[PDB]
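# Examination of the molecular architecture
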Amino acid sequence: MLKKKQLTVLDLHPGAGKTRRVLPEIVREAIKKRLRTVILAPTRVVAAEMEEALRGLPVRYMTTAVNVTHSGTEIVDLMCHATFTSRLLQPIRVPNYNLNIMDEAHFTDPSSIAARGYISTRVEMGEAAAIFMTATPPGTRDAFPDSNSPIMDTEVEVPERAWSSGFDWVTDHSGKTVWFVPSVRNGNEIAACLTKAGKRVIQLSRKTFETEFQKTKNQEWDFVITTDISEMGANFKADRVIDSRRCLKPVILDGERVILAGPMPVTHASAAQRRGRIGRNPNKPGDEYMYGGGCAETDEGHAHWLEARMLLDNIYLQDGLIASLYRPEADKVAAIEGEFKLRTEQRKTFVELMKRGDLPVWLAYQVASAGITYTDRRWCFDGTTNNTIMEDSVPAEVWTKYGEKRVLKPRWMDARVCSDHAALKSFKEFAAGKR
Ligand SMILES: [N]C1=N([C]C(=O)[N]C2=[C][C]=C(F)[C]=[C]2)[C]=[C]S1
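Residues numbered from 1 in each chain as written, not as in the entry; some residues may be left out. Heavy atoms only, no water.

Header annotation of the entry names X-ray crystallography as the structure determination method and lists the resolution as 1.6890 Å.

The name the PDB entry gives the chain is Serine protease NS3, with Zika virus as the organism.

Now the structure itself:
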């Protein structure tokens, strides 16, 4: 496993003990063999759970989610998938790790796909070893894998809007339910319907994840309404999962705009991870999984794989060489390796637009490749009339850094900057030059 030139996929079923049992054994062996090691966590929540499982082992936590005093003698580093990809992109020196361990290696965010591509390329070159830990590796076709205890699987119509009748089974339940919705806006509507019926609801999404997840431990709740982010190792002490089996898919149209297509079916990997939140306790057989549609390979042509190539084309590997995507997920995009490689100054703009600007990868690339500098926000206002961003069915307006009231009409339209109130508020602040 730990020998150079080897990539191992640790594919034990969900709840089999990959993080709490297998991971500390691997880390202990890596420290014994003097292997400079990196452990990659999908989120800050998982990074905190990993510290608990690794307590007593000398690990340098490169995240503010863990409060530890490092001795300076650790040869194992732990950081989030995004942090690893970010440090590779920035001028900062990243050690050439002998062993690369990725937990929740099924994560399909652009920085996670790019991290897999880089690490797998290093292993292919015979320079390093890697271990990818996931119950659902890329290409998996089984939405119903093994579990610690039997699960009641039921195909049923699941609401995606508020309802007045026809779904008594949803509210008649007396336990705790984790409900996967296709979007933040869809979750808001269902959460309001359940709150009106007397239920205590917590909502989770990528932007509110660390703060709102704490509420699942600190208070009594009846429902957790979440997007696909809870597929990445978040654990709940729940009795039931309700799964719409739907997700939004960012799609690049004619290479000039990004729309959020769907809702459409999730992959089998996503369905298995959603179901995998329950059936984890061998002492409580009969947790329920209610599912509202079929699976499909909706990752083919998904913007995230093209965005992963934009990231990889701008990471130094060796001379003019470029890291390829991890082989089982390479056909998800039709791209030319190196097509997105930027010159030094435009690359710095690209990185700053993502890191400080908080823009999606595709949108950051359009701005940087056009030769626009980070602080120049004229492009947020000079697009075509069809790129007008709407807020409450009326064009969104902002006061520019010059003091002029203008309609938000970006030269490149990426639907992710206005998919919910929180995203549109952050994009308005960016267009106004507030960051
Ligand atoms: N899962 C769930 N539930 C059911 C149960 O647990 N059951 C049992 C136990 C034990 C035994 F021995 C037998 C059975 C409820 C709620 S959640």
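As a further point, take the sheet that holds strand β19 (residues 413-414). Strand order in the open sheet formed by three strands is β12-β13-β19, and the pairing between neighbours is mixed. Only two strands of the sheet have a single neighbouring strand rather than two, namely β12 (246-253) and β19. Strand direction decides the pairing type here: strand β13 (residues 257-265) and β19, joined by two bridges, are parallel. Considered in β19, the bridge of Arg 257 is made with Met 413. (Pairing = 2+ DSSP bridges. Helix = DSSP H or I, 4+ residues; strand = E, 2+ residues; numbered from the N terminus.)

Turning next to the domain arrangement of the chain. Once the domains are mapped, the chain shows domain 1 (6-133) and domain 2 (151-291). The distance between the C-alpha centroids of domain 1 and domain 2 comes to 28 Å. With 13 residues of domain 1 in contact, the opposing surface of domain 2 contributes twelve residues. Carbon and sulfur atoms supply 60% of the area buried between domain 1 and domain 2, which totals about 1100 Å² over both sides. (Domains from an automatic or database assignment. Contact = heavy atoms within 4.5 Å. Buried area = accessible area lost by both parts, 1.4 Å probe.)

Another aspect to go through is the site of the ligand. The ligand sits among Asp 239, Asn 283, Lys 284, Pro 285, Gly 286 and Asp 287. Between the ligand and the protein, one listed contact pairs a nitrogen atom with a backbone N or O atom of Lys 284 at 3.3 Å. With respect to the ligand, the side chain of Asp 287 contributes an N or O atom lying 2.8 Å from a nitrogen atom. Contact with the protein chains removes 43% of the 420 Å² of surface that the ligand exposes when unbound. Residue classes in the shell around the ligand are distributed as one nonpolar, two polar and three charged. (Near = heavy atom within 4 Å. Polar contact = N/O pair within 3.5 Å; in protein donor to acceptor, adjacent residues only side chain to side chain. Areas by Shrake-Rupley, 256 points an atom, 1.4 Å probe, with all protein chains shown as cover. Nonpolar A, V, L, I, M, F, W, Y, C, P; charged D, E, K, R; others polar.)

Looking now at the nonpolar core. One finds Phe 84, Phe 350, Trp 379, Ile 389, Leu 408 and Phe 427 to be the most contacted residues of the largest nonpolar core, which totals 64 residues. Put simply, the parts of the chain that give this core at least two residues each are β2 (37-41), α3 (81-89), α4 (110-124), β6 (129-133), α10 (303-312), α11 (344-355), α12 (361-369) and α13 (421-431). Sorting elements by how many residues they give to this core places α12 first, with seven residues. Those residues within four positions of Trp 379 in sequence are excluded, and the remaining contacts are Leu 359, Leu 363, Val 367, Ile 372, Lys 409, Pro 410, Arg 411, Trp 412, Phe 427 and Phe 430. Counting 27 residues, the second largest nonpolar core, distinct from the first, contains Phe 107, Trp 221, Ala 238 and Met 264. (Core = buried A, V, L, I, M, F, W, Y, C linked by side-chain atoms within 4.5 Å. Buried < 20%, exposed > 50% of the residue type's maximum accessible area, 1.4 Å probe, protein only.)

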